[PDB]
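Let us start with two forms of the same protein chain, each given on its own as structure tokens and named structure 1 and structure 2.
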Structure 1
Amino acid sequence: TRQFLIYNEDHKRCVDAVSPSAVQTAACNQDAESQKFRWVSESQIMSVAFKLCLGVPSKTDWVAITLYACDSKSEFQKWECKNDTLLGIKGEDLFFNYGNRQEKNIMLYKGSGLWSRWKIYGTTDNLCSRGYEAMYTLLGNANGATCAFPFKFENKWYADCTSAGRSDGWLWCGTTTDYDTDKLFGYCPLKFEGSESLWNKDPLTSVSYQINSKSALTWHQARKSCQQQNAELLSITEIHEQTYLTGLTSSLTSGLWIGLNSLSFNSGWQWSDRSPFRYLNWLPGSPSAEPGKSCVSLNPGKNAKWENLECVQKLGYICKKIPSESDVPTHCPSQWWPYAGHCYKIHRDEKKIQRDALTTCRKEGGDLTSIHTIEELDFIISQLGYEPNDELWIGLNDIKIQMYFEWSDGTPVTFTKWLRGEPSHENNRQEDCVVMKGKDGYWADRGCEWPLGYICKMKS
């Protein structure tokens, strides 16, 4: 996925590493290891066959591009994409070029024509689209540090993770260049026989969880580690899910990053996997009113309740794994208005407490509105008659099960859009009902015993 051939459209040829001193071109061959390259840092491109990096002797016109021992400090090994498909040495208008003066070697060249433009073979994208993706190690002795490609083991160089030196087939990488000297490694986030033993599958739900308690990563690094495993940071949307994760972490004490955060300045608490924030299990004193603490850790030594911390804290973490043809005219009863097969109405006449608003909607054949998409929310605010300074009941509430918000109409909660700072759900304030308020129609919990207007919904 992260190895690529380097393709020139005009010549219809791919780069081919012939030797450390001969980087040329050949008819493209997706199986040829000598045609395979990979980003091993932000700016370095490594030959997979040779475990050496493309570089130049100087940043000057018409010098050969060949292969050097990879060196992250060398300016002569740094490449960048200019315009779109122009490939050049960093910091100069000098380009990776093939075709001039009967020269079979790639040359660094002042020219910026089509012979200096390159794409990832099999795509329409430039090389920097499949840029460097740091690979965070699992278990091991390096606390989740990233693979250092290429790395040396038994005096041999590795361009990718390997099972060399092992009897169990597990794939690992050095987290420094010289593993022989430094002995720092971890296992790679890749598929291999036995790799699923890094996950715990809930038999009730078939959802899988990975508890990385030995790693020390920031919230954003931890998120990248889960993402590159086709996963995301833990989200917790059911009581059972919390109970299951409490048990899986019951012998741990240090904090574990989960996916909950307040990193969107204009909205409230949210899961990084876009799950609804509808279940709350905060530690006492959280979420705290401290502006820099926008990322949430599960504290396994305190019954796996949650606390918000500074995102740069290095912790373990937990992964979890034109109208449409159907938009036909919609029948609605008088005073109700259609959207996506349902009918809606705002009650402003007589403000009511939440439970009386609910009774009224139901006597009229509907219910307090549920809201399942941003488009449904946008219909309400932009067309239905909502004004920015409104505050109106919707159907979300945790009256039946404290800390577990549900829709009064019984439909699943699959979407939340909370105001900044919401849900606040402050101790002893009984904020068990929910309103839409403010110019964006975002939501807030609040006490249920206050007269307000409200929004009803029904099926057409």
Structure 2
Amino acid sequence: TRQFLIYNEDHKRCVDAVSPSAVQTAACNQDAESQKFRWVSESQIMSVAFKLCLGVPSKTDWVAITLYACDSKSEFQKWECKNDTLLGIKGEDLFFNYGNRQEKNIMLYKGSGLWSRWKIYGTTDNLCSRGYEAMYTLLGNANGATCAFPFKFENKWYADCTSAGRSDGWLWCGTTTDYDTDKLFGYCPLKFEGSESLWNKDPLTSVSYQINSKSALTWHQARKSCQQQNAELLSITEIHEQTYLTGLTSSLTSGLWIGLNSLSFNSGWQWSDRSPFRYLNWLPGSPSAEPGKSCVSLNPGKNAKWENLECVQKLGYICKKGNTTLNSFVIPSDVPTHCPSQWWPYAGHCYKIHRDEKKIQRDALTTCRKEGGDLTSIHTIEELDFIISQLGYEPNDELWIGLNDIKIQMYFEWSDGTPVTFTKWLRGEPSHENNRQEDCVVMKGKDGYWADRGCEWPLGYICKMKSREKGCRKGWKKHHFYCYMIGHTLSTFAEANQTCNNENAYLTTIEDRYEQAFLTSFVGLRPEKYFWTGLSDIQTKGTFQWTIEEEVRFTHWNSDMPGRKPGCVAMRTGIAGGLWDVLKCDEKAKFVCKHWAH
């Protein structure tokens, strides 16, 4: 219930609703309910005191805005922020204005003056900052449908979640505009006395679980229901987790949604909360090869096992609220690098790829231990991208790694005893585990992602052990034909382009998949949040070019980049793995220079 007041600085008077046919301005008051407003849709603004939306008689010049009955299809009630702080009707350039022509009622107007721009009281942001978000109910008889604001309960209009009609303060809402007629309702996912009883808390791991067997949402809807509760769709990472949930869902049979999905087209199966997919528990015949089934459901009737279905089915879902973090692996840039011959260092470990004599996994595991190491374990995306970039890895390689489930089937563990905190499966992997007794994992593909197969095939392997200049300058690491540097002075993009040019270099370009992979490992394990690069749209807004004028034949953009956002590109560290974000060029962050060899 994020209500807000609205006023204009050039007059310092808050909009006040007095009558459904008269909306004026009075003295600003935080307690006067007649001045509170909140969005109820992507465009509809509603009053809290009268439970009525703001609209216009018709999209024409100089008409009085008043309180109308809230209607979803009403084109006259849809608003939109334009340019900066201007507030106008969705479709035309008619604005929310007050002050002109001695009219105490706020008027729709054509003039773009300061009398038509409104901010939120107590802040400096426009009205499109908060906005309406779909709120999915819990339990109830409405199958977890979204709240409908406003709704009529016992001939009274309510604007937010209410405890009326109940004697236990349980907040609830009506999923339809007329509850007295439809009697469809649900409980609001908000903090109230007793809301903790909706979560089941494992006394061991302290992780909390919510089981909504009465709801019936899609996968994308179920994820949004858990996200809005500071949670996420269920992820099962241990045998104890699968066992604890089997007891909770022992009395249920209706299928429930979990976080396991394959929606990412480049990778394989993955959890919604980015947890490592190392524990498998598919039903027989699952996962199926149907191209449309990309979301996994937990079937409590068939012994809590998993099956993949279409992401559009309406089933229950399980939320997972927990604070458990796998590890940090942050290195305050510091690590030893005493590696033997033919081995290469990274983050305190020595790696080596064996392409010479292809052996099976058990012979590869023995050979790595003969040399004082072990089959490689991978814990970060940075460490994975170091292997493909610096170890002479080729796109058509197939190399063994330490991931296996020889001890317990369907439960992958690292051969070197280290915990499994990271997984990157290939498109369509893991698959066909029921066809064999031991599932060993390999590295193949241009991106070096993983795939599980039989353990009885001669292949290359990658060994890894502890720690016990080159063709260029001192503080410059060398990758392939170039040498790169990390500036330690937090500077802007302008200041960064100078320091790189000061050292006869330049902000690093990114030409292929592996130079990006190297740069992903060259930074990303350091506590800094962003690292600059060469891409920017200063030459021509909308088009990106390097600062040394080379062809831009590679793109490593983030989730929602770039498009509308103008600025300077910078790589993101941590779990993102060097993805390109667009930031304001006046922001201060470290950078990476680049220079040719010798």
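Counting starts at 1 with the first residue of structure 1 and goes up one by one along its sequence. Only the largest set of C-alpha atoms that superpose within 1.5 Å between the two forms is called the rigid core.
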Self-check item: Selected hinge residue, 68, 379, 132, 243 [rigid parts, motion between structure 1 and structure 2]
Solution: 132
Quiz item: Treating the chain as two rigid parts, what rotation angle in degrees relates the smaller part to the larger between structure 1 and structure 2?
Solution: 14
Exercise. Just grab the Cα shift of residue 57 between structure 1 and structure 2 for me, core aligned, in angstrom.
Key: 2.5
Quiz item: What's the distance in angstrom the Cα of residue 306 travels between structure 1 and structure 2, core superposed?
Solution: 0.5
Exercise. Just grab the Cα shift of residue 125 between structure 1 and structure 2 for me, core aligned, in angstrom.
Key: 5.7
